[PDB]
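Chains A and B, in that order, give the protein sequences. The numbering of the first sequence is the UniProt record's numbering, which starts it at 4 and goes up by one. The numbering of the second sequence is the UniProt record's numbering, which starts it at 4 and goes up by one. Don't be surprised by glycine CBs; every beta carbon is placed ideally from N, CA and C.
Protein chains: 2
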Amino acid sequence: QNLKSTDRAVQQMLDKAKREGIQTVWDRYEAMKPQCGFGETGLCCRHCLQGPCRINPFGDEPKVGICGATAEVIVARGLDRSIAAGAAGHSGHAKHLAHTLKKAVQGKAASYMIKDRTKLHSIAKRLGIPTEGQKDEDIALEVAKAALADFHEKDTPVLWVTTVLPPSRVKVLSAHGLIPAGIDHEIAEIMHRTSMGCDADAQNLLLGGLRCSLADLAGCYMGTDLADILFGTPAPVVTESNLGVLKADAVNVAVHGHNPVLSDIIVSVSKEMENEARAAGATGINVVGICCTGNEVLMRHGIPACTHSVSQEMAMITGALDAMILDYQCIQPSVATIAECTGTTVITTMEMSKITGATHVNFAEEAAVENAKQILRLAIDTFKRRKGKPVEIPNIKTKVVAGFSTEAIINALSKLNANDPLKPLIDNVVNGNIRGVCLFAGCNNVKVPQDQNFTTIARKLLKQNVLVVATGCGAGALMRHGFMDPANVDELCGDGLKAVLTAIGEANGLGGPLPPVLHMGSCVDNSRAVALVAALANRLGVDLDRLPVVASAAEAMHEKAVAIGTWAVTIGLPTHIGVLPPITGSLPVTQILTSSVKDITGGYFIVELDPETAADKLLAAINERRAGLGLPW
Amino acid sequence: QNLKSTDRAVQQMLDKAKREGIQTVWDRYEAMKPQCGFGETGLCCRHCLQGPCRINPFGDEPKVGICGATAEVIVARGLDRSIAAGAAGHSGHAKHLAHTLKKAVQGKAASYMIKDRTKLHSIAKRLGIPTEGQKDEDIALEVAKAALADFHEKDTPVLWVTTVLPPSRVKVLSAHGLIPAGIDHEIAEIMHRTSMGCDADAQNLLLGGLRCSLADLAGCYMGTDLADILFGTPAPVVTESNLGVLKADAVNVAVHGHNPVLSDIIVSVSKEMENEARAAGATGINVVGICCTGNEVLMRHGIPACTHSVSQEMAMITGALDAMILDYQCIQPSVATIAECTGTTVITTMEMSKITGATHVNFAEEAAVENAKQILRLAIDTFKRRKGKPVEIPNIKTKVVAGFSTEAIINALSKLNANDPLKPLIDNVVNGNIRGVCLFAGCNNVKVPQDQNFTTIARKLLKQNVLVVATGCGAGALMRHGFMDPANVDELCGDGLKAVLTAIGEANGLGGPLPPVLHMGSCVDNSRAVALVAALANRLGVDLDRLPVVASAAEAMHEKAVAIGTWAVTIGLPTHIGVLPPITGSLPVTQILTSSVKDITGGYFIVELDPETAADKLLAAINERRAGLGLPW
Ligand code: SF4
Ligand code: SF4
Ligand code: FES
Ligand code: FES
Ligand SMILES: [Fe+2]
Ligand SMILES: [Fe+2]
């Protein structure tokens, strides 16, 4: 099972699933081999009913699409549609939060409120919205309106791009026509330009892609902004991760998907229903997180993370998962069928994300508490149905210190320098105690032994004094392997990095260092990393493409991860991807994405499937940036 | 060559292309065989980097996607993305027209103006925009704003759906949650819900699809409305079609793509540059149309149609095509390479639709005349470069009577009944002189011998007294085979239909009938057919799903054609498609689309590749509707 996952809890559940004849994602992957090489290389097109078209990567015919689309057009069009799809996910998420905020402050959803007034005001200020003499509810109404306005064309570009990157960066992007006009506008334009008989120039197509990726960034940043207003900006919190956070004697409820609009209420209402759960013979309701929505409630409330991404089915295989509460994105639809075998009640809540065989309980913000109770009562009934049934929860969990929003990081650093909080970080970059910064982001992928790339790359970078920050299932991987436990600093960290983590932790009263890796939250919270890096850029008076900062989507899967990688490149970062995106069928496209794009944005993709080699390449990219700033490396 | 195209001009150019070693769309199709059966059946998914996933239509593994996506989810997701892509094309088109109108009435684009004031006012009235005491420019500004507002969420649904279908129909659609909230909103939501780990219920997915198809309808209707305001509502016009409209001694300029914003100016400016063309040794500038933008200028100005869709390369093969002026959609990118062999100057004009190797001349509405002259001067230079070169223009063309907007049709009918213009049509439906109405729409497809389905089906229906109307490349096919020449009425039409066409033509002073088939314009002008059918519905006090009206996308290709078929079903029409959409890999999806959707919208797909059988099925659908209305059949 170590060939499937490096997570021992997952390995244990894989053995149980095998024993019980429950098919997993790894089994479905094995059944899919060998996968289509046309798809793998990007040399397939189904954009019209004359298709499917394919192009042999090498050899003889077919060499070109039926309409005349070249390999470079077909590859660039496919990529662009993946970026649009990612943008559409993050922007649906952000939009849901925008309408929730609007409803809350209009008196239409009393379960929701302005929890972070400081965040609300700072956002308003960043957007140009007056706060002076204004009611919080009116400021928030204006913020929600601005959010919604960024989805379409108007007299300004997307503010959740132009107001979050340094002017120098906006200027570079504007010069290349890369600033999004509207989030959904860009999504639609991509779908248009990539449809048959439209855009058929690789560079032009890819430039569209870059612009659409910035629409994704806007959605991410908007989602983080709005979730923070509604649910609070994360601060450092201690919790646990992995399957051992499940409790046989509790009603175990997984929140799974992405939107804190749902999970945050589940968390609060679950505490209110403890006695009712105890009436049913449980100790209480044990809310645990899967995927980003788990990350959301982990960051804000210290809700323990059960598992992530590719291993999500394994939580069910324990036999102790009474409910899995879903909104949207990254939910393997296998869960609905597996539920039948495991007893788990899988519940969908969003009109646009149903799964055949799951129970659907409409969630309306207007009735959030009511709907939460209905959902949690299904979970209690399910707990009761497994009275006397043996469960196998691997007794495996790690300690996780998380909640490192950018505000939290700045606050942490401020204990070393109150009025110039970024300076201590920069001082240590300059003196070599911090070599650079690496953001690990994105998914696991069934193609890569689970977590192997994240942990292999993270280990190499940490020994080389790289400050490692993480989001999404990258944070998931690292937390589950102990990288968020400060007790592991001595083992994992180079002396310089240890020195810095220790200095900061001790100034924050911890008697010990910050953790080896800083958990910056969910996938939309990649925007937090952007805020940090942009703040550093602003503090240094240079653009992001001069900073020793890189990203690694080490085990990428979702279209959202492709969108995030692409905007990481677009804002000026060397961006590693540890799985093959469908681009190798076109050398010119590959060359643009991995080389010539440097001349446009300063960022670039580093496609590297071998994690040791990926780590060297990321270190090289970091060190090149250091040299560019005149620093030793 | 008759196995490739039933068009003799195209056959002649195919022989020339063969002789000269110029690869065509048919050659590229041959090189693609056998095509991937996974793609053909819809049983392939590339929505994440764990893919590509495929499912064997029959047999053993793989049976399910790696994430657990079933055949029915994979098929429905692929379909939904095609609908979104179509919607995105039509909505990009409509949006371009909306900004052009805005610019025109704000004094920013003097080449453009309100040409149809009556249309402007009636649209304003349909939308609820006051005109009484208002300046035309302000009414138009409000119309343009309403247009743009329909792209995003607001306090009303998409008005270019809710104000164009009868209230009963809107009520049925609203009951099923099918009314679009915003055009680009729906496009984005589709891309979201079809991304990995989101929507995974076929019915739910398909309902999303239906709603997105109505966003496409809105874009179509908006495009027609706005083009009519700007460029004039078509009325009956006589012109010609096929390759023989090219003239060896003229500067031959094809307008190709979709948007009249471009082609309409090319047409007007070309007349202004006659003497300059004559200075270059040409008789003048011979503007000819390809695809929809050709249809646009044909409908309004009687510009002759050169060719359509699948045979577009053949115009170049003549050696006489001096320029091909492109905006977007349905342009085979092969044209850029073929241009090198044929001498044709291929010119792109839209930022989001470039083709490697073509000359790009940015077109800005603000500089439309200037940009047109620059473009046309490239064409004149190209004419000069072929001085003394032999050309082979097939001396093959048909007479085309076209320009049958719904307003034109109503006006035609009004000559028989001034104050109840629809009644004569209905009278003849009731007495059997008109059996029903069939709309032919959409593309040619290299899989179907060009035009064979359109003409085979049209012939059968016309003999059975069906009133045949046509748009896009369906109109193209029929015009090129003589179906728009009133001289062919005796041959083609049943006695009843002939009686009616003759009665209407004679009342309009023609001394002869209307043509066998009524050309209702471009693909967005499928919305004209909706206006006609909705007007009939309103006049009869019944919904569209009770009317003896069907559609046939007999040789469909583009995602736009899939979107149009899908909204034809959604508004309540039996809708034939004569190519296999990628749905046969899922019986449940196929069953929804061809049967159970009847219970939702009253419309349904009729998938039939055999055109004789398709015609019988369409006649059966028409006759069922007649029986439902208590009429003989
Ligand atoms: S758009 Fe071109 S390459 Fe793609 S399926 Fe259609 S004919 Fe083939
Ligand atoms: S979304 Fe599911 S079926 Fe599609 S490629 Fe990814 S794992 Fe395969
Ligand atoms: S030929 Fe396999 S992905 Fe299309
Ligand atoms: S396996 Fe051929 S279309 Fe994907
Ligand atoms: Fe996520
Ligand atoms: Fe068209």
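Identification of residues in the stretch 140-166 of chain B having a C-beta nearer than 8 Å to some C-beta of chain A yields 151, 154, 155, 156, given in sequence order.
Sequence-distant partners of residue 367 (chain A) (beyond 5 residues in either direction) whose C-beta falls short of 8 Å from its own C-beta, in its chain, are 374.
Assigned with DSSP and collapsed to three states, residue 115 (chain B) falls in coil, not helix or strand. Relative to the Cα of residue 403 (chain A), the nearest Cα in the group A:480, A:465, A:424, A:207 belongs to A:480. Legend: CB atoms of the stretch 48-61 of chain A lying less than 8 Å from CB atoms of chain B belong to residues 49, 50, 51, 52, 53, 54, 55, 56, 57. In this structure, the beta-carbon distance from residue 603 (chain A) to residue 593 (chain A) does not fall below 8 Å. Cα atoms of residue 222 (chain B) and residue 96 (chain B): separation of roughly 8 Å, rounded to the nearest angstrom. Secondary structure of residue 57 (chain A) (DSSP, three-state): strand. Shown here for residue 534 (chain A): same chain residues with a beta carbon closer than 6 Å to its own, the five before and five after excluded, namely 409 in chain order. A contact between stretches requires three or more CB pairs, one per stretch, nearer than 8 Å, and the stretch 289-303 of chain A meets this requirement with the stretch 234-242 of chain A.
For the C-beta of residue 32 (chain B), the chain A residues within less than 8 Å are, from N- to C-terminus, 53, 69. Restricting attention to A:459, A:101, A:483, A:376, the CA atom closest to the CA of residue 397 (chain A) is found in A:483. One finds 357, 358, 359 in chain B with Cβ atoms closer than 7 Å to the Cβ of residue 204 (chain A), taken in chain order.
Remark: the shortest separation between the CB of residue 333 (chain A) and any heavy atom of ligand 2 does not fall under 7 Å.
Among the CB atoms of chain A, none fall inside 8 Å of the CB of residue 592 (chain B).
Assignment of residue 227 (chain B) by DSSP, reduced to helix, strand and coil, places it in the helix class. If you measure from each CB to the nearest heavy atom of ligand 2, the residues under 5 Å come out as B:48, B:50, B:51, B:53, B:54, B:56, B:68, B:69, B:70, B:72, B:199.
For residue 457 (chain A), the enclosing alpha helix (DSSP H) covers residues 455-466. Annotation for residue 25 (chain B): 320, 341, 344 place their beta carbon closer than 7 Å to its own, counting only its chain and skipping 5 residues before and after. Residues of the stretch 442-454 of chain B that bring their beta carbon within less than 7 Å of a beta carbon in chain A comprise 448, 449, 450, in sequence order. Contact annotation, residue 181 (chain B) with residue 143 (chain B): C-beta distance approximately 30 Å; criterion of less than 8 Å not satisfied.
Checking the 7 Å criterion, the Cβ of residue 42 (chain A) is within range of a heavy atom belonging to ligand 3.
At least 8 Å separates the CB of residue 377 (chain A) from every CB of chain B.
Put simply, the backbone Cα of residue 99 (chain B) is about 29 Å away from that of residue 317 (chain B).
Boundaries for residue 395 (chain B): no beta strand (DSSP E) harbours it, and the DSSP string shows neither H nor E there. Here residue 187 (chain A) is buried. Its C-beta has 16 or more other C-beta atoms within 10 Å. Counting along the chain, the unbroken beta strand (DSSP E) around residue 443 (chain B) starts and ends at 439-443. The Cβ of residue 494 (chain A) sits no closer than 8 Å to any Cβ of chain B. With respect to residue 429 (chain A), residue 542 (chain A) sits close: the two C-beta atoms are nearer than 8 Å. Nearest to residue 583 (chain B) by alpha-carbon distance, out of B:570, B:567, B:601, B:560, is B:560.
For residue 218 (chain B), the CB contacts under 6 Å within the same chain, skipping 5 residues up- and downstream, are 90, 183, 186, 189 in chain order. Under a criterion of Cβ atoms nearer than 7 Å, no residue of chain B is adjacent to residue 224 (chain A); the nearest Cβ is some 17 Å distant. Interface flag for residue 615 (chain A) against chain B is unset, since no Cβ pair is found closer than 8 Å.
For the stretch 538-561 of chain A, residues whose beta-carbon sits nearer than 8 Å to a beta-carbon of chain B comprise 559, 560, 561. Against chain A, the beta carbon of residue 72 (chain B) has neighbours under 7 Å at 336, listed in chain order.
From the listed residues A:266, A:520, A:152, A:498, the smallest Cα separation to residue 331 (chain A) is found for A:266.
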